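Asks: Dropping in model24.cif, which is mmCIF, C-alpha atoms and all ligand atoms:
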```
data_model
#
loop_
_atom_site.label_atom_id
_atom_site.label_comp_id
_atom_site.auth_asym_id
_atom_site.auth_seq_id
_atom_site.Cartn_x
_atom_site.Cartn_y
_atom_site.Cartn_z
CA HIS A 4 29.89 139.67 149.23
CA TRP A 5 29.25 137.48 152.20
CA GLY A 6 31.15 136.12 155.16
CA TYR A 7 31.31 136.29 158.93
CA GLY A 8 32.88 139.82 159.40
CA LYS A 9 31.21 142.97 160.72
CA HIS A 10 30.70 144.29 157.34
CA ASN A 11 29.54 141.17 155.50
CA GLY A 12 28.17 138.90 158.21
CA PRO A 13 24.81 137.35 159.00
CA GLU A 14 23.17 140.62 159.79
CA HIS A 15 23.83 141.78 156.07
CA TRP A 16 22.89 138.66 154.18
CA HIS A 17 19.22 139.61 153.72
CA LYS A 18 20.20 142.39 151.28
CA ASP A 19 21.36 139.85 148.71
CA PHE A 20 19.26 136.89 149.94
CA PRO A 21 15.87 138.18 151.22
CA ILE A 22 15.00 134.56 152.12
CA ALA A 23 17.23 135.28 155.17
CA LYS A 24 14.05 136.69 156.80
CA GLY A 25 11.91 133.72 155.68
CA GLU A 26 9.53 131.38 157.39
CA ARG A 27 11.83 128.41 157.94
CA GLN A 28 15.35 129.69 158.50
CA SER A 29 18.13 127.87 160.34
CA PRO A 30 19.70 127.46 162.78
CA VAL A 31 17.30 127.74 165.71
CA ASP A 32 17.41 127.44 169.46
CA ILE A 33 16.19 124.03 170.57
CA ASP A 34 13.98 124.60 173.63
CA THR A 35 14.20 121.17 175.14
CA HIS A 36 11.17 121.57 177.35
CA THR A 37 8.95 122.68 174.42
CA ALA A 38 10.09 120.09 171.87
CA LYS A 39 7.66 117.29 171.72
CA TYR A 40 8.19 113.54 171.52
CA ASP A 41 6.77 112.21 168.28
CA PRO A 42 5.92 108.51 168.29
CA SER A 43 5.31 108.75 164.47
CA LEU A 44 9.09 109.08 163.94
CA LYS A 45 10.61 105.86 162.37
CA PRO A 46 13.95 104.68 163.53
CA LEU A 47 17.14 106.70 162.13
CA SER A 48 19.23 104.66 159.68
CA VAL A 49 22.79 105.76 159.04
CA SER A 50 24.37 103.44 156.43
CA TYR A 51 27.96 104.57 155.92
CA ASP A 52 29.77 101.26 155.44
CA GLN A 53 30.45 101.83 151.70
CA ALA A 54 31.35 105.54 152.00
CA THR A 55 33.92 106.85 149.62
CA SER A 56 35.54 110.05 150.77
CA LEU A 57 37.41 111.80 147.98
CA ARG A 58 38.81 115.20 148.88
CA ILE A 59 38.94 117.96 151.49
CA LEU A 60 38.48 121.55 150.35
CA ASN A 61 38.84 124.93 152.06
CA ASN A 62 35.98 126.83 150.38
CA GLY A 63 36.63 130.15 152.21
CA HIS A 64 34.02 129.66 154.80
CA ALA A 65 34.64 126.12 156.14
CA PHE A 66 36.35 122.97 155.00
CA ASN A 67 34.31 120.27 153.30
CA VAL A 68 35.18 116.55 153.26
CA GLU A 69 33.58 115.46 150.01
CA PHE A 70 32.19 112.05 149.09
CA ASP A 71 31.34 110.11 145.98
CA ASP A 72 27.58 110.69 145.74
CA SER A 73 27.14 109.06 142.23
CA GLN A 74 25.73 105.84 143.93
CA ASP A 75 24.04 104.92 147.19
CA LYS A 76 27.24 104.37 149.14
CA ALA A 77 26.62 106.45 152.28
CA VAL A 78 22.97 107.09 152.91
CA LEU A 79 20.63 108.42 155.56
CA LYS A 80 17.10 107.10 155.84
CA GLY A 81 14.34 106.79 158.42
CA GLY A 82 13.55 109.20 161.20
CA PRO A 83 11.45 111.92 159.76
CA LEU A 84 12.64 111.16 156.24
CA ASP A 85 10.77 109.66 153.32
CA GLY A 86 13.13 108.01 150.89
CA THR A 87 16.96 107.90 150.59
CA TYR A 88 19.39 110.72 151.15
CA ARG A 89 23.00 110.47 149.91
CA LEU A 90 25.97 111.93 151.77
CA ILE A 91 27.70 114.60 149.70
CA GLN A 92 29.98 116.32 152.25
CA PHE A 93 30.53 117.10 155.86
CA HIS A 94 31.90 120.25 157.46
CA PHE A 95 32.03 122.04 160.77
CA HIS A 96 31.14 125.39 162.24
CA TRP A 97 33.30 126.55 165.12
CA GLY A 98 34.22 129.44 167.35
CA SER A 99 37.17 131.61 168.32
CA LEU A 100 36.63 130.40 171.95
CA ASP A 101 35.33 127.20 173.43
CA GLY A 102 32.11 128.97 174.62
CA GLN A 103 30.72 129.58 171.12
CA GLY A 104 30.84 128.04 167.65
CA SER A 105 27.66 126.00 167.22
CA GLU A 106 24.83 127.16 165.01
CA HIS A 107 22.00 125.35 166.83
CA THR A 108 21.76 126.04 170.54
CA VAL A 109 20.13 123.87 173.23
CA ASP A 110 18.23 125.91 175.83
CA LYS A 111 20.40 128.81 174.61
CA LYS A 112 23.63 126.86 175.26
CA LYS A 113 26.30 127.25 172.56
CA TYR A 114 28.70 124.39 171.93
CA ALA A 115 32.32 124.80 170.78
CA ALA A 116 31.50 123.52 167.29
CA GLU A 117 28.89 121.69 165.22
CA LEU A 118 29.39 118.97 162.60
CA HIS A 119 27.08 118.92 159.61
CA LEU A 120 26.76 115.75 157.48
CA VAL A 121 24.92 116.94 154.37
CA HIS A 122 22.73 114.59 152.37
CA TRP A 123 20.47 115.05 149.33
CA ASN A 124 17.25 113.29 148.39
CA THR A 125 17.87 110.87 145.57
CA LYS A 127 14.45 111.47 144.07
CA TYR A 128 15.82 114.72 142.74
CA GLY A 129 18.77 113.25 140.88
CA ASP A 130 21.52 115.72 141.89
CA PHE A 131 22.35 118.16 144.65
CA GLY A 132 21.65 121.22 142.59
CA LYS A 133 18.09 120.12 141.89
CA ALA A 134 17.60 118.98 145.48
CA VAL A 135 18.31 122.38 146.99
CA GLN A 136 15.33 123.76 145.04
CA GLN A 137 12.92 121.46 146.86
CA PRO A 138 11.42 121.75 150.35
CA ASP A 139 12.50 118.18 151.18
CA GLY A 140 15.71 118.24 149.15
CA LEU A 141 18.32 117.94 151.89
CA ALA A 142 18.77 116.18 155.22
CA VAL A 143 21.52 117.53 157.45
CA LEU A 144 22.65 115.48 160.45
CA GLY A 145 23.99 117.91 163.05
CA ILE A 146 26.28 116.84 165.88
CA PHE A 147 27.52 119.15 168.66
CA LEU A 148 31.16 119.23 169.70
CA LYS A 149 32.30 119.97 173.25
CA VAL A 150 35.94 120.30 174.30
CA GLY A 151 37.24 117.53 176.57
CA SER A 152 38.71 114.22 175.51
CA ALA A 153 40.07 113.83 171.94
CA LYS A 154 37.87 112.25 169.27
CA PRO A 155 40.15 109.65 167.66
CA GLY A 156 38.20 109.49 164.49
CA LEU A 157 38.65 113.21 163.93
CA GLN A 158 42.40 113.18 164.01
CA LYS A 159 42.93 112.28 160.35
CA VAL A 160 40.87 115.40 159.46
CA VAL A 161 42.84 117.63 161.77
CA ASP A 162 46.13 116.54 160.54
CA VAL A 163 45.47 117.39 156.85
CA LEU A 164 44.35 120.93 157.65
CA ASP A 165 47.86 122.31 157.24
CA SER A 166 47.65 121.38 153.59
CA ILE A 167 44.43 123.35 153.00
CA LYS A 168 45.15 126.46 155.03
CA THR A 169 43.73 128.95 152.59
CA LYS A 170 40.64 129.41 150.45
CA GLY A 171 40.63 127.32 147.31
CA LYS A 172 43.14 124.72 148.47
CA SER A 173 42.14 121.04 148.34
CA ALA A 174 43.82 117.77 149.14
CA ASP A 175 43.11 114.13 148.43
CA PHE A 176 41.19 112.63 151.34
CA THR A 177 40.35 109.03 150.57
CA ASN A 178 39.37 106.21 152.82
CA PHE A 179 37.97 108.31 155.67
CA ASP A 180 35.21 106.72 157.70
CA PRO A 181 32.61 109.25 158.91
CA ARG A 182 31.22 106.71 161.38
CA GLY A 183 34.12 107.67 163.62
CA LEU A 184 32.56 111.10 164.15
CA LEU A 185 29.21 109.90 165.55
CA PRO A 186 28.21 109.74 169.24
CA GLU A 187 26.90 106.55 170.79
CA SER A 188 23.20 107.57 170.71
CA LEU A 189 21.16 108.56 167.68
CA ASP A 190 18.46 110.30 169.74
CA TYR A 191 17.58 113.49 167.92
CA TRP A 192 15.50 116.59 167.44
CA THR A 193 14.11 117.43 163.99
CA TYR A 194 12.51 120.41 162.29
CA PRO A 195 12.16 121.92 158.80
CA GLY A 196 14.74 124.61 158.02
CA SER A 197 17.26 126.01 155.65
CA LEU A 198 20.83 126.27 154.61
CA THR A 199 22.71 128.46 157.09
CA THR A 200 24.92 130.03 154.41
CA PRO A 201 23.86 132.00 151.34
CA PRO A 202 21.76 131.24 149.38
CA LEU A 203 19.85 130.27 152.59
CA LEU A 204 17.47 127.98 150.68
CA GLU A 205 14.59 126.49 152.61
CA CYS A 206 15.32 122.92 151.57
CA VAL A 207 16.62 121.17 154.72
CA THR A 208 15.15 118.60 157.10
CA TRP A 209 17.40 119.13 160.12
CA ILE A 210 18.18 116.14 162.36
CA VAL A 211 20.20 117.36 165.36
CA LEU A 212 21.60 114.70 167.68
CA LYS A 213 21.12 115.15 171.38
CA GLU A 214 24.44 113.64 172.45
CA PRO A 215 27.53 115.75 171.70
CA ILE A 216 30.89 114.31 170.76
CA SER A 217 34.01 115.32 172.69
CA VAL A 218 37.08 116.72 170.89
CA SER A 219 40.31 117.88 172.49
CA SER A 220 41.57 121.47 172.89
CA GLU A 221 44.31 120.63 170.47
CA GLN A 222 41.89 119.39 167.84
CA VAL A 223 39.75 122.58 167.95
CA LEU A 224 42.84 124.74 168.03
CA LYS A 225 43.82 123.25 164.68
CA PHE A 226 40.46 124.27 163.19
CA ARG A 227 41.23 127.79 164.32
CA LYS A 228 44.51 127.92 162.37
CA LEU A 229 42.67 127.77 159.04
CA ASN A 230 42.22 130.92 156.98
CA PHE A 231 39.19 132.50 155.31
CA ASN A 232 41.51 134.25 152.82
CA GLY A 233 43.31 132.96 149.84
CA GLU A 234 47.09 132.44 149.77
CA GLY A 235 48.90 135.76 149.36
CA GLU A 236 45.93 137.79 150.77
CA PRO A 237 45.90 139.22 154.22
CA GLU A 238 45.47 136.52 156.90
CA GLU A 239 42.14 136.21 158.54
CA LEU A 240 41.65 133.27 160.80
CA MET A 241 38.72 131.01 159.95
CA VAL A 242 36.84 131.27 163.27
CA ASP A 243 33.28 132.09 164.20
CA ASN A 244 31.86 130.72 160.94
CA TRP A 245 28.42 130.19 162.48
CA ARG A 246 25.10 131.88 161.81
CA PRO A 247 23.23 132.70 165.07
CA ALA A 248 19.80 131.28 165.94
CA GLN A 249 16.88 132.52 163.84
CA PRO A 250 13.23 132.92 164.79
CA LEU A 251 11.33 129.67 165.04
CA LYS A 252 8.16 131.16 163.55
CA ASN A 253 5.47 128.63 162.77
CA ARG A 254 7.48 125.47 163.52
CA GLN A 255 7.48 122.78 166.12
CA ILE A 256 10.64 120.91 166.99
CA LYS A 257 10.03 117.15 167.47
CA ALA A 258 12.02 114.78 169.55
CA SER A 259 12.73 111.15 168.79
CA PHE A 260 13.02 110.37 172.50
CA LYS A 261 11.28 111.03 175.80
NI NI B 1 26.67 123.76 157.98
#
```
Can the structure in the file be given as structure tokens, please?
Replies:
Amino acid sequence: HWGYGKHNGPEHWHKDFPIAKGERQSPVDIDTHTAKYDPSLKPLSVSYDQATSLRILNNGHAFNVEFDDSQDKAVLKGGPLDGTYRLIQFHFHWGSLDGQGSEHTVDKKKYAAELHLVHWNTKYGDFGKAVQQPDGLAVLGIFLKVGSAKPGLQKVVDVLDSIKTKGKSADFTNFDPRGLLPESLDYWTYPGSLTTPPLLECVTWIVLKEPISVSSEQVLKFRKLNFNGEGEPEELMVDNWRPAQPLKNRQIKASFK
């Protein structure tokens, strides 16, 4: 009923999910000249030392690397956030070509891909309750450009053959998400939404300024995945990004000058 095709893509989602035309939809274009430095912002705290990855799943629209979120093992705090947000999963959005694939844009520039580390606010007890709140989620977004390989991505790339098609999963223990982060934690932040149905307006977005580099070969492996299930006609999992939405009555803040 939804996907990224002509007949079921972003331009159709509002029929089932009218919140698609809402007041705080994501992604957005980040106009770097209009974002404003906010001295109120507290420092960003990424505490991933005790992370427990569990599994990788092809869900038909991306692949998710899932974590144990039943304790404070991998948490995000600080920045614009009040309280503690637990890592539940990360995934990527990517293109068919190196010139598109990101959801956020920077001065209209599209990156080859975008990494989303998804966290939920522990005050709400579980993910499902968190997505019903305006401050339920915090998503750390990281752009990917093609150039040098990212060593810490390789273990992800190499399991993708085992989850080619929708509904396939594989064990994926002992993966360290710190190996996917750039050097700087400088960021932009704004209030937004999920970028997939049901498009809930529950996300504090924290988008890092510094991209990571991945190799051609690494992105090419993303592009070998399938949206379809096994035994269905093959449709490459590419261009699984929603385009930028209207900013409306929001101001993007920067953590840096
Ligand atoms: Ni995402």
Asks: Ligand NI 1 (chain B): which residues are within 10 Å, counting all atoms listed in the file? Reply as a tab-separated table (two decimals) with C-alpha atoms, in the coordinates of the input.
Replies:
```tsv
chain	number	residue	atom	x	y	z
A	29	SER	CA	18.13	127.87	160.34
A	30	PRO	CA	19.70	127.46	162.78
A	64	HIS	CA	34.02	129.66	154.80
A	65	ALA	CA	34.64	126.12	156.14
A	67	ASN	CA	34.31	120.27	153.30
A	92	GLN	CA	29.98	116.32	152.25
A	93	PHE	CA	30.53	117.10	155.86
A	94	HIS	CA	31.90	120.25	157.46
A	95	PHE	CA	32.03	122.04	160.77
A	96	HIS	CA	31.14	125.39	162.24
A	105	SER	CA	27.66	126.00	167.22
A	106	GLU	CA	24.83	127.16	165.01
A	117	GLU	CA	28.89	121.69	165.22
A	118	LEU	CA	29.39	118.97	162.60
A	119	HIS	CA	27.08	118.92	159.61
A	120	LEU	CA	26.76	115.75	157.48
A	121	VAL	CA	24.92	116.94	154.37
A	143	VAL	CA	21.52	117.53	157.45
A	144	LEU	CA	22.65	115.48	160.45
A	145	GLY	CA	23.99	117.91	163.05
A	197	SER	CA	17.26	126.01	155.65
A	198	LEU	CA	20.83	126.27	154.61
A	199	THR	CA	22.71	128.46	157.09
A	200	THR	CA	24.92	130.03	154.41
A	244	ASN	CA	31.86	130.72	160.94
A	245	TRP	CA	28.42	130.19	162.48
A	246	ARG	CA	25.10	131.88	161.81
```
Asks: Quick one, how far is CA of residue 190 in chain A from CA of residue 73 in chain A?
Replies: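 Result for CA of residue 190 in chain A versus CA of residue 73 in chain A: 28.9 Å, one decimal.
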Asks: With all atoms listed in the file as the counted atoms, please give the residues lying no more than 10 Å from residue 61 in chain A, apart from itself and same-chain residues fewer than 4 positions off, as a list in words.
Replies: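 Here the qualifying residues turn out to be residues 65, 66, 67, 68, 94, 164, 166, 167, 168, 169, 170, 171, 172, 173, 174, 229, 230, 231, 232, 233 and 241 of chain A.
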Asks: Please list as a ChimeraX atom specification every residue within 12 Å of residue 101 in chain A, counting only C-alpha atoms and excluding residues in the same chain fewer than 3 positions away.
Replies: /A:97-98,104-105,112-117,148-151,217-224,226-227,242-243
Asks: Convert the current residue selection to file output with C-alpha atoms, as an mmCIF file, in the coordinates of the input.
Replies:
```
data_model
loop_
_atom_site.group_PDB
_atom_site.id
_atom_site.type_symbol
_atom_site.label_atom_id
_atom_site.label_comp_id
_atom_site.auth_asym_id
_atom_site.auth_seq_id
_atom_site.Cartn_x
_atom_site.Cartn_y
_atom_site.Cartn_z
ATOM 1 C CA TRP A 97 33.300 126.550 165.120
ATOM 2 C CA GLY A 98 34.220 129.440 167.350
ATOM 3 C CA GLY A 104 30.840 128.040 167.650
ATOM 4 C CA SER A 105 27.660 126.000 167.220
ATOM 5 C CA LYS A 112 23.630 126.860 175.260
ATOM 6 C CA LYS A 113 26.300 127.250 172.560
ATOM 7 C CA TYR A 114 28.700 124.390 171.930
ATOM 8 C CA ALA A 115 32.320 124.800 170.780
ATOM 9 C CA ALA A 116 31.500 123.520 167.290
ATOM 10 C CA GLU A 117 28.890 121.690 165.220
ATOM 11 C CA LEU A 148 31.160 119.230 169.700
ATOM 12 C CA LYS A 149 32.300 119.970 173.250
ATOM 13 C CA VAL A 150 35.940 120.300 174.300
ATOM 14 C CA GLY A 151 37.240 117.530 176.570
ATOM 15 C CA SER A 217 34.010 115.320 172.690
ATOM 16 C CA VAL A 218 37.080 116.720 170.890
ATOM 17 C CA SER A 219 40.310 117.880 172.490
ATOM 18 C CA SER A 220 41.570 121.470 172.890
ATOM 19 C CA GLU A 221 44.310 120.630 170.470
ATOM 20 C CA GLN A 222 41.890 119.390 167.840
ATOM 21 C CA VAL A 223 39.750 122.580 167.950
ATOM 22 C CA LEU A 224 42.840 124.740 168.030
ATOM 23 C CA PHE A 226 40.460 124.270 163.190
ATOM 24 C CA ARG A 227 41.230 127.790 164.320
ATOM 25 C CA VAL A 242 36.840 131.270 163.270
ATOM 26 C CA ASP A 243 33.280 132.090 164.200
#
```
Asks: Return the single residue from A:46, A:201, A:146, A:55 that is closest to residue 4 in chain A, with distances computed using all atoms listed in the file.
Replies: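 Looking only at the distances to residue 4 in chain A, the closest residue turns out to be A:201.
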Asks: Taking 4 positions as the minimum chain separation for residues in the same chain, which residues sit within 6 Å of range 74-83 of chain A when counting all atoms listed in the file? Answer as a PyMOL selection string.
Replies: chain A and resi 44-51+53-54+87-90
Asks: Skipping near chain neighbours, those fewer than 5 positions away, what residues fall within 12 Å of residue 204 in chain A using all atoms listed in the file, listed as a PyMOL selection string?
Replies: chain A and resi 20-29+132-141+195-199
